[PDB]
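Here's the structure we're looking at; comments come further down.
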Amino acid sequence: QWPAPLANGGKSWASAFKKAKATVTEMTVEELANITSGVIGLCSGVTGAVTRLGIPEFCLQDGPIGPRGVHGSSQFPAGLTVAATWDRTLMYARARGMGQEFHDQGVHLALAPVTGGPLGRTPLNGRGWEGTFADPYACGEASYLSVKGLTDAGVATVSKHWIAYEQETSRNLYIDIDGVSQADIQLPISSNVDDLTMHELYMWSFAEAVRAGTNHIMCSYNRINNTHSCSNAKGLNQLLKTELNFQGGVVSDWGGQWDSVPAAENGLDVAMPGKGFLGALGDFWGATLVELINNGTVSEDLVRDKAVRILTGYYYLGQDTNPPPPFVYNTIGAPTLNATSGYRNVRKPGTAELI
Amino acid sequence: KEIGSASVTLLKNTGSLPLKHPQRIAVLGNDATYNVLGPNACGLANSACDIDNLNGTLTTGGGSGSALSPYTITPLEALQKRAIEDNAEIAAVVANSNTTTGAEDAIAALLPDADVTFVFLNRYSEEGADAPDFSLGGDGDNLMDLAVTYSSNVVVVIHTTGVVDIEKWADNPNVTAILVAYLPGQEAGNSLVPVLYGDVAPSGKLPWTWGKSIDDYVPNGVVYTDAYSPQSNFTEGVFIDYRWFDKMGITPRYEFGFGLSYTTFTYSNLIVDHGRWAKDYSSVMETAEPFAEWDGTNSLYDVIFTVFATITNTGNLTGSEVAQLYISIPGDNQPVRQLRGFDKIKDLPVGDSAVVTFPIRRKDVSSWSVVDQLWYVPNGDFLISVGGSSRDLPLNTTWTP
Ligand SMILES: *[C@@H]1O[C@H](CO)[C@@H](O[C@@H]2O[C@H](CO)[C@@H](O[C@@H]3O[C@H](CO)[C@@H](O)[C@H](O[C@H]4O[C@H](CO)[C@@H](O)[C@H](O)[C@@H]4O[C@H]4O[C@H](CO)[C@@H](O)[C@H](O)[C@@H]4O)[C@@H]3O)[C@H](O)[C@H]2NC(C)=O)[C@H](O)[C@H]1NC(C)=O
Ligand SMILES: CC(=O)O[C@@]12CO[C@@H]1C[C@H](O)[C@@]1(C)C(=O)[C@H](O)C3=C(C)[C@@H](OC(=O)[C@H](O)[C@@H](NC(=O)c4ccccc4)c4ccccc4)C[C@@](O)([C@@H](OC(=O)c4ccccc4)[C@H]21)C3(C)C
Ligand SMILES: *[C@@H]1O[C@H](CO)[C@@H](O[C@@H]2O[C@H](CO)[C@@H](O[C@H]3O[C@H](CO)[C@@H](O)[C@H](O)[C@@H]3O)[C@H](O)[C@H]2NC(C)=O)[C@H](O)[C@H]1NC(C)=O
Ligand SMILES: *[C@@H]1O[C@H](CO)[C@@H](O[C@@H]2O[C@H](CO)[C@@H](O)[C@H](O)[C@H]2NC(C)=O)[C@H](O)[C@H]1NC(C)=O
Ligand SMILES: OC[C@H]1O[C@@H](O[C@@H]2[C@H](O)[C@@H](O)O[C@H](CO)[C@H]2O)[C@@H](O)[C@@H](O)[C@@H]1O
Ligand SMILES: *[C@@H]1O[C@H](CO)[C@@H](O)[C@H](O)[C@H]1NC(C)=O
Ligand SMILES: *[C@@H]1O[C@H](CO)[C@@H](O)[C@H](O)[C@H]1NC(C)=O
Ligand SMILES: *[C@@H]1O[C@H](CO)[C@@H](O)[C@H](O)[C@H]1NC(C)=O
Ligand SMILES: *[C@@H]1O[C@H](CO)[C@@H](O)[C@H](O)[C@H]1NC(C)=O
Ligand SMILES: *[C@@H]1O[C@H](CO)[C@@H](O)[C@H](O)[C@H]1NC(C)=O
């Protein structure tokens, strides 16, 4: 079908890749499943530590205007708003500023920016404002610069949402809350997209995102030609990881992962949110992935590539020798998470006037 | 603005004022922001808005003694200016807390993490009717109940046309400070915040008595009757406000001429100077008021003597002090004391002293002869008392002409 091309570190991540491979090489099957699946904590998502090799939990945090659910930060204008400036300098400085606030709040991975999913097939898209232009060229430019800003600030990006994620209606994220299951109720809207259109319109901004060095990409809730984005082999293994030569990790949207084995085989590298959100949003790896490896269904080396893709960003942005500070706010919310919040003021002179 | 800053009166302060540089500030009450319909929505007489309308900061009263506003400087906007300077956050719930969906939820969530919570209360009244009691306007009773539930550092600020009932909470340890600021006109917010943040210590004192209860005031204050010829008899006589309170032995909440500072003043060196007299030559028009000691040259308003005292800032901060002088005129059924002088010292440095001076005119020490139909100076022992309020008078002397 479409096999999983191994990470090699690409142009800029060469040394980071090699530190990643080295670390992954030392990891037990449990450790591999610990880092490739979400655990419980204060951030939108959290990767399990590899505590024996001193790899810590990574804080994944919303969102594309800056860290969400924190005090002591600034509320930046939306992507829609910078787009309207048609000013590359502002697009970059916006992201750079968002970036320092993410770093200084303690975020390893910013669940941002929005780089062409949604792009704007419908002017009614409920979350269209999070993107930029209704145009691949201009969106590509803003996406490039948005990615660079955040990464220059020392925070790994997760560009979102790959791909063809053009309506909120019946995205139908995976949720098995109460007795009921979305999987029984209704499958996600299937974006059915020819190959010219995928190439010339939707992939264009993501290509720019990859070129800018986005460390990760988030696969979307919709299905493409009736396969989930997060387990679409053509989309992740071929279009993204081969043609766009993407060297980083594919993070599930929160409930965008619907299965265990196809996901592992067809491009997904991180299961989010895992144990977070009471497990309500699916929890298909973790202990399940351990079992699948130990019984020969899934190759350990397949999962080592996932862990390598995750650690590449860690090492490239220097989070190993320059760790972000502790994240201090409960952004999940009680009663889902009963944790107290600290306080940290992260607002810096210059930010208000940039805004 | 300077009128607002000189007027606003500090009734309670357990340690929370002045503010240093709080990082998380919570604000409660539509009094903190604009009239939702506009500052002049209520019309030519500030009385045409609906009874439940959120009128915003109470800057003037209702009726013929109101006036239009070019703008209102809301407490919130002024508090915000200051928060931004301190690189802090500030959030206000300004809806009706009882009737607005989620208001109560919002307050419950906002307040526990605030370093300080302001609650702005108001009590509108007007020409054409009397207040039916000491009742807070709109949702103020509710605001206060919620505020003390979720915060241990409530600072209450009252915009009112008169005394209001705050008995429920005034002794709540969670209410760390209480201020009234009356009707401050357009510069409402920027007159107040300097005081709160301690740029200028509060210097204003109550121009009437704050009784614990409407039942402690002159009986039959308002008479209600359908009677074709309604009747109020002033059987209390000269005994209104603190005169009544003083004679009946009633402790109020906050006495006439009371108001705290951010520093303390020690009174000393009482002096009555019989040689410091002068003839009234300045007043524009003269009365034909009759009096005993008249001799065709002199006046009721000649200053007969003059009295002096010394205040010393014994605190830790600069502050202004309104010195009061009261006199006990002897006679039968004569008030326990009557205010016959005040002198406000401006911005007295720590450790520094200043002399307070009070010109006592003749009329200031006279009674009306009901029988002889003239003003006359009684004989007896006149008490002279000087101090900070109508019940804080550390210096007395006696005079007998
Ligand atoms: C969603 O569904 C849509 C609709 O079906 C999908 O769009 C189809 O996408 C496929 C590609 O995945 C595309 O395939 C081609 O059709 C061409 C003719 O129209 C073929 O010529 C072409 O074949 C070449 O490519 C293959 C893949 O590399 C080779 O295996 C094959 O040998 C051919 O290549 C040789 O020859 C050419 C010279 O002719 C040379 O340049 C090459 O290098 C090589 O030597 C494709 O097979 C369909 O045409 C698309 N259909 C439409 C209507 O667009 C879409 O892919 C789906 N999306 C997802 C996410 O699944
Ligand atoms: C009745 C009255 O007090 O009138 C005056 C007009 O000069 C009076 C003095 C007063 O200072 C003045 C200007 C005010 O500023 C008041 O704040 C003021 C009032 C106290 C108010 O008064 C009332 O509402 C009256 O009691 C009321 N009267 C009655 O309905 C009434 C009927 C039978 C017996 C007793 C009373 C009234 C309402 C509306 C229009 C006319 C009369 C009217 C009035 O419109 C205002 O009155 C008018 O504008 C007005 C009055 C009569 C005819 C036309 C206009 C009011 C305002 C501005 C609201
Ligand atoms: C906002 O300002 C309003 C004035 O524009 C104010 O409305 C007025 O409130 C008084 C009470 O203070 C009402 O007084 C009268 O109430 C009835 C009238 O039927 C009588 O029994 C009383 O004797 C008394 O005269 C006024 O009627 C009322 N004006 C109108 C037009 O409704 C609001 O109360 C203010 N809002 C708040 C929350 O304080
Ligand atoms: C798999 O990941 C989980 C999630 O982080 C790990 O446990 C935490 O380990 C950190 C140190 O890295 C401790 O500070 C926490 O107390 C642990 N949390 C909990 C919930 O116990 C776990 O250690 C990982 N296991 C392995 C084998 O590495
Ligand atoms: O909770 C979301 C709100 O949705 C409102 O409705 C949307 C429309 O019916 C339509 O566009 O479909 C989407 C789902 O695909 C609906 O969310 C309405 O239902 C409100 O109740 C909700 O507040
Ligand atoms: C391997 O484990 C998975 C999950 O525990 C299970 O679904 C699968 O059937 C197992 N296969 C074998 C061959 O034991
Ligand atoms: C051998 O093939 C089976 C599927 O037929 C697969 O489960 C197993 O992992 C494969 N081993 C390899 C190639 O790693
Ligand atoms: C948090 O607390 C609530 C109420 O105290 C409780 O019902 C809930 O189960 C707790 N949440 C978790 C995830 O333990
Ligand atoms: C004071 O506020 C605290 C919350 O800070 C609350 O728990 C307590 O009940 C309040 N006490 C009084 C006397 O209102
Ligand atoms: C109060 O006025 C009424 C009305 O004339 C009178 O009958 C009553 O005796 C008066 N009481 C006084 C002056 O105390």
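Each ligand, and each atom within it, is numbered from 1 in the order the structure gives. Each chain gets a letter, A, B and so on, in the order its sequence line appears, and its residues count up from 1. FYI, side chains are in, hydrogens and waters are out, and symmetry mates aren't considered; it's all heavy atoms of this structure.
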Practice problem: Examine the side chains of A:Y174 and A:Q257 and answer whether a donor and an acceptor come within less than 3.5 Å of each other. | Solution: no

Quiz item: Is there any N or O on A:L278 that sits under 3.5 Å from an N or O of ligand 8?
Solution: no

Measure the distance from [atom] to every protein heavy atom, then report the residue, atom name and distance (to 0.1 Å) of the closest one.
{"atom": "atom 30 (C) of ligand 3", "answer": "B:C49 O, 3.2 Å"}
{"atom": "atom 26 (C) of ligand 3", "answer": "B:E126 OE2, 3.9 Å"}
{"atom": "atom 24 (C) of ligand 3", "answer": "B:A129 CB, 4.1 Å"}
{"atom": "atom 35 (C) of ligand 3", "answer": "B:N55 ND2, 2.5 Å"}
{"atom": "atom 12 (O) of ligand 3", "answer": "B:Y124 CD2, 3.8 Å"}

Exercise. Measure the distances from the heavy atoms of A:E30 to every atom of ligand 4 and state whether one is below 4.0 angstrom.
Key: yes

Exercise. Report the part of A:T51 (side chain from C-beta onward, or backbone N, CA, C, O) that has a heavy atom under 4.0 Å from ligand 4; answer both or neither where that applies.
Key: both

Quiz item: atom 28 (C) of ligand 3: which of B:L136, B:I51, B:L37 has the nearest heavy atom?
Solution: B:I51

Any protein heavy atom nearer than 4.0 Å to [atom]:
{"atom": "atom 13 (C) of ligand 8", "value": "yes"}
{"atom": "atom 1 (C) of ligand 4", "value": "yes"}
{"atom": "atom 7 (O) of ligand 8", "value": "no"}
{"atom": "atom 4 (C) of ligand 4", "value": "yes"}

Practice problem: Below 4.0 angstrom from a heavy atom of B:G138, which ligand 3 atoms are there? Numbered from 1 as shown, please. | Solution: 38 (C)

Quiz item: Taking 4.0 angstrom as the limit, do B:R123 and B:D165 come out as a salt bridge?
Solution: no

